[PDB]
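In what follows, a structure is listed as structure tokens, so that the remarks can point back to it.
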Amino acid sequence: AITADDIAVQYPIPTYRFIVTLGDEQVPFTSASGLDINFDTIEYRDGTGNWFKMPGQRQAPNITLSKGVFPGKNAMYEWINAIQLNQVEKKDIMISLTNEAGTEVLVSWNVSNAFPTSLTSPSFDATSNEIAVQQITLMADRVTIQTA
Amino acid sequence: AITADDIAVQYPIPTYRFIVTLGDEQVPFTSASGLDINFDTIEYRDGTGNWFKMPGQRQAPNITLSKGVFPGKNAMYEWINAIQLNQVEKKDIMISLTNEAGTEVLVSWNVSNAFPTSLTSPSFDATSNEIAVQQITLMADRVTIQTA
Amino acid sequence: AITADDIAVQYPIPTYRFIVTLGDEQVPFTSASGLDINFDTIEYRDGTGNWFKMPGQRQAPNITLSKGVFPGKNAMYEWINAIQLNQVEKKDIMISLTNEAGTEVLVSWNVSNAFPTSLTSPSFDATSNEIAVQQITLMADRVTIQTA
Amino acid sequence: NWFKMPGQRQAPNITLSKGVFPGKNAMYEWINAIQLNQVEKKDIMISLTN
């Protein structure tokens, strides 16, 4: 007698349902990792015995997205190919834990200014049964969490 | 013929039952590790053969707490988001080995001034069957054990 | 009711079917890895709080090809044996994800100026049941992806 | 009797460093305006801030 409207309030959310809004378009991905919030630590000790522990400045997140290779055009390729020595169309990423149908966002992770730093092609092997999966890494500046 | 009132006096305590009082509120967690008491070592040798071994100064504990992601508000997020360059609401953590019902504290671990240094979001994967689990690390200054 | 002409448009491409055009000839290979597009990262921080994150210059790809040892002549050997102190016939490599019959190229990877840097002979073992597999590594300068 | 006394204080030498931006170089425009004695002296304030 849990009456599943109470499951939507009280039970934890699984990981296998997520949408990725990449800039102004939604792109289907398989994995999404590295959306951390990390700080440095500043310490100070004197001779009397006082230890002072403080949070430092937060460093940049390194975000890994991976999807499969499809017969159309490679949208992750034309965004990493258009680099001119420091110039890149920086995009904002949203990764939202989603309802089963896709009509509710439960908890989402916002990424402010992401740009690609790597794009690894799949390893071709004649004795394998796998999908060609590209794996892109992104450099950002902050990760925030909105909960609704 | 052990008469389980003697089990509460003579048998060791398992790990799977613990409450975490985080500041002034109790927050449910899955794991809790890193509540060590570590010292440094100062040594001195002379030519006659005397070795002098001494305890140094005790270093800071690094404490890892991890819980799941729930549909409400993220209480571990608003405590790591409210950082202003060295400023953080430092909290005192109590992790108590508890009775089954929760009406007895067996052995508890006290943590003096804890503040968050990291908050790792879960790794999203479409081929997984897991709970979204956040994992927060804390910087403290001492860990004490009271036994009652 | 997917009507497999729609599979050629909408489903991902597996890895086990690939042709390798090595210069002006096609050579059968077993594996092909390392066809990445990697960038460096340039960062700049000032005292006011501005972080500037930029893509650096893209570094060289290191490409691994491996095939078996055949009773004829070793075509990967006469291309690594003909080195004179900096001189090498640099070749352009194309690795194409292919149809089952071989009459359609789905997505191909182009490699601009590849030359061999290593050629590892197989490990001979009397208690093994394996093919003599050579493994050549190549140094290139760029990797591009054309999708047709 | 040893008599130890502070002397006269000497001049500070302050070094600053910033990055090169595509616009106008404000630090070149202040070191190029030297005419044998004549430089716009400025007040430097370096404040640790929130």
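Labeling convention for the structure tokens: chains A, B, ... as they appear, residues from 1 per chain, ligands from 1 in order of appearance.
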Could you produce a table of the residues of chain C lying within 9 Å of chain D, with the nearest pair of atoms per residue and their separation in Å rounded to one decimal, using only C-alpha atoms, ordered by chain and increasing residue number, as JSON lines?
{"residue": "C:44", "atom": "CA", "partner": "D:19", "partner_atom": "CA", "distance": 7.9}
{"residue": "C:46", "atom": "CA", "partner": "D:18", "partner_atom": "CA", "distance": 7.6}
{"residue": "C:48", "atom": "CA", "partner": "D:49", "partner_atom": "CA", "distance": 8.7}
Would you save the residues of that selection, restricted to N, CA, C and O atoms, as a PDB file, in the first residue's frame?
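Contents of the output file out_24.pdb:
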ATOM      1  N   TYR C  44      43.417  31.032 -18.216  1.00  0.00           N
ATOM      2  CA  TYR C  44      43.897  32.315 -17.726  1.00  0.00           C
ATOM      3  C   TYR C  44      42.961  32.829 -16.644  1.00  0.00           C
ATOM      4  O   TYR C  44      41.756  32.956 -16.872  1.00  0.00           O
ATOM      5  N   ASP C  46      42.548  35.948 -13.584  1.00  0.00           N
ATOM      6  CA  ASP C  46      43.004  37.184 -12.974  1.00  0.00           C
ATOM      7  C   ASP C  46      42.458  37.290 -11.555  1.00  0.00           C
ATOM      8  O   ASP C  46      41.827  36.372 -11.031  1.00  0.00           O
ATOM      9  N   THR C  48      40.198  39.503 -10.412  1.00  0.00           N
ATOM     10  CA  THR C  48      38.801  39.897 -10.282  1.00  0.00           C
ATOM     11  C   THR C  48      37.862  38.703 -10.280  1.00  0.00           C
ATOM     12  O   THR C  48      36.743  38.812  -9.773  1.00  0.00           O
TER      13      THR C  48
END
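If you take only C-alpha atoms and a cut-off of 6 Å, the residues of chain A that reach chain C are residues 69, 70, 71, 73, 86, 117, 118, 119, 120, 121, 123, 124, 125, 126, 128, 130, 131 and 132 of chain A.
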Residues from the last selection, C-alpha atoms, saved as an mmCIF file, in the first residue's frame:
data_model
loop_
_atom_site.group_PDB
_atom_site.id
_atom_site.type_symbol
_atom_site.label_atom_id
_atom_site.label_comp_id
_atom_site.auth_asym_id
_atom_site.auth_seq_id
_atom_site.Cartn_x
_atom_site.Cartn_y
_atom_site.Cartn_z
ATOM 1 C CA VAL A 69 27.612 6.566 -34.565
ATOM 2 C CA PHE A 70 24.597 7.030 -36.852
ATOM 3 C CA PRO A 71 24.372 7.046 -40.679
ATOM 4 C CA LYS A 73 25.756 13.675 -40.154
ATOM 5 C CA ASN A 86 40.996 29.774 -29.433
ATOM 6 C CA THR A 117 38.386 19.165 -25.975
ATOM 7 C CA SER A 118 38.440 15.602 -27.337
ATOM 8 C CA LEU A 119 36.449 13.238 -29.545
ATOM 9 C CA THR A 120 37.520 9.596 -29.474
ATOM 10 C CA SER A 121 36.516 7.439 -32.425
ATOM 11 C CA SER A 123 38.020 1.003 -31.733
ATOM 12 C CA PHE A 124 37.357 -1.123 -34.815
ATOM 13 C CA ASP A 125 37.654 -4.860 -34.205
ATOM 14 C CA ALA A 126 36.579 -7.693 -36.486
ATOM 15 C CA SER A 128 33.605 -7.820 -31.670
ATOM 16 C CA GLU A 130 29.434 -3.691 -30.387
ATOM 17 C CA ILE A 131 28.147 -0.314 -31.532
ATOM 18 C CA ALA A 132 30.513 2.354 -32.844
#
Could you give me the residues within chain C that DSSP places in strand (DSSP E or B), as a ChimeraX atom specification?
/C:14,18-22,25-26,31-33,37-38,41-45,51-55,62-68,84,87,91-98,105-120,133-139,143-147
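Separating atom CA of residue 76 of chain B from atom CA of residue 139 of chain B is a distance of 14.3 Å.
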List the spatial neighbours of residue 22 of chain C as a list in words - criterion: any atom at most 8 Å away, only C-alpha atoms, same-chain residues fewer than 2 positions off excluded.
residues 20, 24, 25, 26, 27, 91, 92, 93 and 94 of chain C
Could you please take those selected residues and save N, CA, C and O atoms as a compact mmCIF listing (two decimals), in the first residue's frame?
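Here's the written file again09.txt:
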# COMPACT_ATOMS: atom_id res chain seq x y z
N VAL C 20 40.26 -0.82 -44.95
CA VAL C 20 41.39 0.06 -44.70
C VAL C 20 42.11 0.26 -46.02
O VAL C 20 42.80 -0.65 -46.50
N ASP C 24 47.41 3.64 -51.67
CA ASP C 24 46.67 3.39 -52.90
C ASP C 24 46.15 1.96 -52.97
O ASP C 24 45.57 1.58 -54.00
N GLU C 25 46.33 1.17 -51.92
CA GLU C 25 45.91 -0.22 -51.90
C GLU C 25 45.09 -0.47 -50.65
O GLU C 25 45.26 0.19 -49.63
N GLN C 26 44.19 -1.45 -50.74
CA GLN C 26 43.44 -1.89 -49.57
C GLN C 26 44.13 -3.09 -48.94
O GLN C 26 44.44 -4.07 -49.62
N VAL C 27 44.37 -3.00 -47.64
CA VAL C 27 45.05 -4.05 -46.90
C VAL C 27 44.09 -4.55 -45.82
O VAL C 27 43.49 -3.73 -45.11
N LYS C 91 51.91 7.93 -46.17
CA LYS C 91 50.70 7.49 -46.84
C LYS C 91 49.48 8.05 -46.13
O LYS C 91 49.55 8.42 -44.95
N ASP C 92 48.37 8.12 -46.85
CA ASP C 92 47.10 8.54 -46.30
C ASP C 92 46.18 7.34 -46.10
O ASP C 92 45.99 6.54 -47.02
N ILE C 93 45.63 7.21 -44.90
CA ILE C 93 44.85 6.05 -44.49
C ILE C 93 43.38 6.41 -44.50
O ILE C 93 43.00 7.50 -44.04
N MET C 94 42.54 5.52 -45.02
CA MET C 94 41.10 5.67 -44.93
C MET C 94 40.52 4.42 -44.29
O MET C 94 40.74 3.31 -44.79
